[PDB]
Amino acid sequence: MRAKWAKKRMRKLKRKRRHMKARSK
Amino acid sequence: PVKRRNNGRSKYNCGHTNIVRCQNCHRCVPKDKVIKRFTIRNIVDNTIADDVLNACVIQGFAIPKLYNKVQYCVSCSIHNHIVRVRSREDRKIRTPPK
Amino acid sequence: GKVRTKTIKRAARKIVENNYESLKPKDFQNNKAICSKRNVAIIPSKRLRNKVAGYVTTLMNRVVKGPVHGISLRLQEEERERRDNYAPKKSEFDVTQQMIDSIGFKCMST
RNA sequence: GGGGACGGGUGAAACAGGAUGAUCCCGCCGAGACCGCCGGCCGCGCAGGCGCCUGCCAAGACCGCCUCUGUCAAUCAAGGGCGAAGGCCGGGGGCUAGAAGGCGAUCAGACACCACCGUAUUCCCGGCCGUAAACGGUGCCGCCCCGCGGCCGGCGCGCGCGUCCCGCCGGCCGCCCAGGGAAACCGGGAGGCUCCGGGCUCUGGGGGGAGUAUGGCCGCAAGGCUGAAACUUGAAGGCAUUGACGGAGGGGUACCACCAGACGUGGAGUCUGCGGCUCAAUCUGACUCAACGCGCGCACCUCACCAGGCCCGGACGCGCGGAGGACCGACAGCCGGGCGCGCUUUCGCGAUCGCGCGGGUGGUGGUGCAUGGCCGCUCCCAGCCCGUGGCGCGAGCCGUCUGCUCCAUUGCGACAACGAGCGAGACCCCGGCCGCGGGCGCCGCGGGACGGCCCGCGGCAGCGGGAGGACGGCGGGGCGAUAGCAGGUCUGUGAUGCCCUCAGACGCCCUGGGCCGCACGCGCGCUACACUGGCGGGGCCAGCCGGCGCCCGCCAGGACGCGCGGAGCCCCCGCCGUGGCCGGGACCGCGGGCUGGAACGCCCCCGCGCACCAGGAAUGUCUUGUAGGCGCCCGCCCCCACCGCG
């Protein structure tokens with residue numbers, strides 16, 4: 001299910017990007 | 001494109017049907033999309049049927065029949081040849097063969 | 001055992017209708033002589049002639065007993081025509097009641 | 001409690017389970033989930049969804065109606081409620097299954113699939129979340145529209161009277177006439193639409209980037225909702241047709257496939273190709289089947305390669321020169337394997353013409369992916385297709401068959417097809433059998449066999465036998481459809497485009513040498529590994545097709561003549577006798593012949609006496625005169641076959 005796995009990969013990366021912004025600001 | 005009008009299941013006037021398990025493959029298939037073949041076989045093999053009757057002491061005994069409904073998924077049915085890939089015109093024929 | 005070729009089969013059917021009187025049903029040798037006349041049938045090749053003559057023998061045994069399609073028998077034709085043009089005597093065909101009364105004919109009424 | 005040893009689990013296993021008695025059988029009890037078969041082209045609900053029994057409570061559509069109201073309606077931003085599953089937050093509860101985790105297999109690996117154990121979860125209550133391929137991938141209300149059936153609910157009409165029949169209304173459906181559509185399909189619309197307008201809401205505008213970024217809102221979180229641009233790219237996508245492929249199904253079919261058997265290769269010693277290596281050169285072609293004893297026998301020639309050499313065999317036509325000298329020949333020495341080849345030299349000869357230019361003649365030189373022709377392969381296939389008619393916008397289908405039969409589109413029964421054609425068969429060569437004619441010689445012309453007969457079974461086509469008959473159901477070959485391969489050959493060719501070369505020649509010859517070398521890898525073959533054998537005498541048997549004598553020599557071979565002519569195996573008697581032995585015959589030292597101009601080629605005599613004691617993983621060919629064994633001839637050829645074709 002590459003399209004579902006693509007959205008799982010995307011969500012995981014947006015979660016990480018939120019964590020980096022949480023470390024700052 | 002859309003291969004079948006029924007969409008491969010008999011769901012009419014319905015949004016959800018019950019879930020049946022394919023007996024061989026143990027999968028979850030909707031009740032509408034299931035093979036549903038009912039079989040009445042005698043309890044014993046027909047090769048050993050007459051000799052069981054001779055052996056049976058009870059007079060007027062009738063050999064028990066086994067009544068079971070075998071339900072399978074499309075994958076767990078095409079591979080056992082219960083249903084066969086048909087020609088586009090033959091697919092439309094809804095009458096049971098024989 | 002060996003399926004006959006369409007040329008052998010077609011030719012044999014033409015020979016049997018043309019020489020139906022000349023050919024005899026169970027004898028290949030008698031029928032080989034008829035087919036090899038270079039008059040009622042011209043077949044080049046000894047093996048072709050033998051092959052056509054053998055089909056002809058099989059087809060002739062079929063013609064006498066339960067005839068088959070593709071062969072025109074004058075003898076059967078006259079008998080078929082006789083029944084086709086036969087008249088069944090006084091014709092029994094000559095001799096829903098509400099509908100008859102609706103026309104007003106009222107035939108056979110009461 | 002009983003009884004006794006294995007249970008589980010799988011595709012096959014294995015990990016756990018068991019004399020602390022498992023599995024199995026029966027009684028009994030606890031726990032939680034769940035409601036079978038009936039169960040559906042049934043029904044209900046706004047969707048998500050909904051099946052134990054017995055109540056309780058409130059509903060809803062539909063139908064019927066001479067009941068009331070009098071436009072109260074339609075569709076809907078914002079707003080409200082609902083919303084599968086999974087998730088989350090509190091309480092519980094905890095039987096099963098089971099995200100995670102752990103194991104046992106698998107495999108190259110496997111922390112996957114499969115087995116096993118099992119946490120969250122699954123279940124209830126009070127909330128969050130707000131999403132699904134939440135699908136009829138089809139918003140809602142309204143009108144008309146073509147038949148033909150099924151089911152469900154209500155109601156009416158006949159009729160004996162039946163869970164009939166014919167309606168009506170609402171629902172769920174199947175087929176489908178038009179019509180629509182790019183088509184699949186829709187036809188209770190996706191109809192009434194380039195002949196376009198009933199009303200209302202929502203969404204899209206090439207494919208990515210990207211549902212990303214950022215801001216907002218929302219949620220406890222997970223996430224939801226709203227939602228870019230820079231930048232990139234020439235297509236992405238739909239539906240259908242034809243091929244190809246499938247670890248897709250149904251038919252078949254073949255010892256180039258297997259069963260069942262045989263006889264092998266691979267192991268070894270040799271023969272002989274190919275790659276690699278080495279070279280002065282080891283000329284090259286080509287590499288799965290469909291390259292590798294193949295390009296028909298390499299001392300020279302072949303021969304294309306290497307090291308020296310020799311000329312013209314550069315025609316013809318022009319400007320020029322030129323017959324007493326254009327050209328061309330040489331003795332002796334000298335150099336040079338050599339050749340007046342050149343040199344010294346000093347005698348010959350006669351346009352056989354020279355030169356320059358233009359133009360040739362050649363070339364086994366390249367490019368087979370520039371080509372012809374020829375062959376190989378697909379295909380030991382049975383398939384390929386035309387005219388006219390039919391169907392679709394068309395690509396392209398029908399014929400040309402998903403039935404049966406056959407070696408085979410081989411037939412038959414059909415059939416929007418109806419008639420054809422090619423390939424298949426027929427044909428041709430051979431063989432065996434019988435006549436007739438001929439005859440230095442067995443060789444000319446015919447026949448015979450067709451699934452005909454008989455018995456069963458089959459509309460049929462055929463099928464299985466039985467026979468008779470030399471011969472039985474494709475006896476073995478030759479020919480070979482359609483469309484292709486960018487298969488191979490330019491080194492077979494006065495086949496040939498173009499490039500190269502073109503008198504210091506890639507012309508054509510001449511001498512010498514290589515192709516035949518060889519740490520090695522591989523492909524055909526050959527001979528062995530012995531006693532069913534080796535070795536000695538004797539018998540002696542062919543066929544494609546075919547000469548001999550006499551004398552000498554150990555043979556090999558020779559001389560001199562002439563007109564002719566023939567196998568092994570096997571059989572028979574001896575011997576050796578299980579020993580690498582007398583199996584086997586590789587190597588290697590004298591020697592005797594041959595052929596040619598010349599051995600390095602071949603033959604032969606006495607030595608000499610290698611591996612190999614049956615060949616691993618693999619792999620090939622074969623069904624009667626076949627396999628295998630065993631000889632023999634021919635092709636190429638001075639000689640020469642472990643090769644090919646017979």
# chains A, B, ... in the order shown; residues from 1 in each chain; ligands from 1
$ select_by_dssp --residues "chain C" --states "alpha helix (DSSP H)" --output "JSON, numbers by chain"
{"C": [6, 7, 8, 9, 10, 11, 12, 13, 14, 15, 16, 17, 18, 28, 29, 30, 31, 32, 33, 34, 35, 46, 47, 48, 49, 50, 51, 52, 53, 54, 55, 56, 57, 58, 59, 60, 61, 62, 63, 64, 74, 75, 76, 77, 78, 79, 80, 81, 82, 83, 84, 97, 98, 99, 100, 101, 102, 103]}
$ interface_residues --of "chain C" --to "chain D" --cutoff "6 Å" --atoms "only C-alpha atoms (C1' of nucleotides)" --output "ChimeraX atom specification"
/C:1,3,28,50-51,54
$ write_last_selection --atoms "C-alpha atoms" --output "JSON list (two decimals), in the first residue's frame"
[["chain", "number", "residue", "atom", "x", "y", "z"],
["C", 1, "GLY", "CA", -8.55, -44.27, -37.91],
["C", 3, "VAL", "CA", -9.62, -38.95, -40.98],
["C", 28, "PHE", "CA", -14.42, -51.61, -51.97],
["C", 50, "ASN", "CA", -8.08, -45.90, -53.49],
["C", 51, "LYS", "CA", -8.78, -43.38, -50.67],
["C", 54, "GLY", "CA", -12.93, -46.43, -49.61]]
$ closest_atom_pairs --of "chain D" --to "chain B" --cutoff "10 Å" --atoms "only C-alpha atoms (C1' of nucleotides)" --output "tab-separated table"
residue	atom	partner	partner_atom	distance
D:37	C1'	B:69	CA	7.9
D:39	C1'	B:31	CA	9.1
D:40	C1'	B:10	CA	9.1
D:41	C1'	B:10	CA	6.4
D:42	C1'	B:13	CA	9.6
D:43	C1'	B:13	CA	8.3
D:44	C1'	B:13	CA	9.2
D:45	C1'	B:14	CA	9.6
D:47	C1'	B:15	CA	8.8
D:48	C1'	B:15	CA	8.6
D:49	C1'	B:16	CA	6.4
D:50	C1'	B:16	CA	8.5
D:51	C1'	B:18	CA	9.4
D:84	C1'	B:16	CA	9.4
D:136	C1'	B:7	CA	9.7
D:171	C1'	B:13	CA	9.4
D:172	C1'	B:13	CA	6.3
D:173	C1'	B:12	CA	7.9
D:184	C1'	B:1	CA	6.5
D:185	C1'	B:2	CA	8.7
D:238	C1'	B:1	CA	9.2
D:239	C1'	B:1	CA	7.9
D:248	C1'	B:85	CA	9.0
D:249	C1'	B:85	CA	6.5
D:250	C1'	B:84	CA	9.5
D:402	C1'	B:87	CA	8.8
$ interface_residues --of "chain A" --to "chain D" --cutoff "12 Å" --atoms "only C-alpha atoms (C1' of nucleotides)" --output "list in words"
residues 6, 7, 8, 10, 11, 12, 13, 14, 15 and 17 of chain A
$ closest_residue --among "B:65, B:26, B:37, B:21" --to "residue 82 (chain B)" --atoms "only C-alpha atoms"
B:37
$ closest_residue --among "C:53, C:105, C:61, C:24" --to "residue 37 (chain C)" --atoms "only C-alpha atoms"
C:53
$ atom_distance --atom1 "CA of residue 29 (chain C)" --atom2 "CA of residue 59 (chain C)"
14.6 Å
$ atom_distance --atom1 "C1' of residue 244 (chain D)" --atom2 "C1' of residue 369 (chain D)"
24.9 Å
$ select_by_dssp --residues "chain B" --states "strand (DSSP E)" --output "JSON, numbers by chain"
{"B": [19, 20, 21, 28, 29, 30, 37, 38, 39, 40, 41, 42, 65, 66, 67, 68, 69, 70]}
$ residues_around --residues "residue 302 (chain D)" --least-positions-apart "2" --cutoff "12 Å" --atoms "only C-alpha atoms (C1' of nucleotides)" --output "list in words"
residues 297, 298, 300, 304, 364, 515, 636 and 637 of chain D
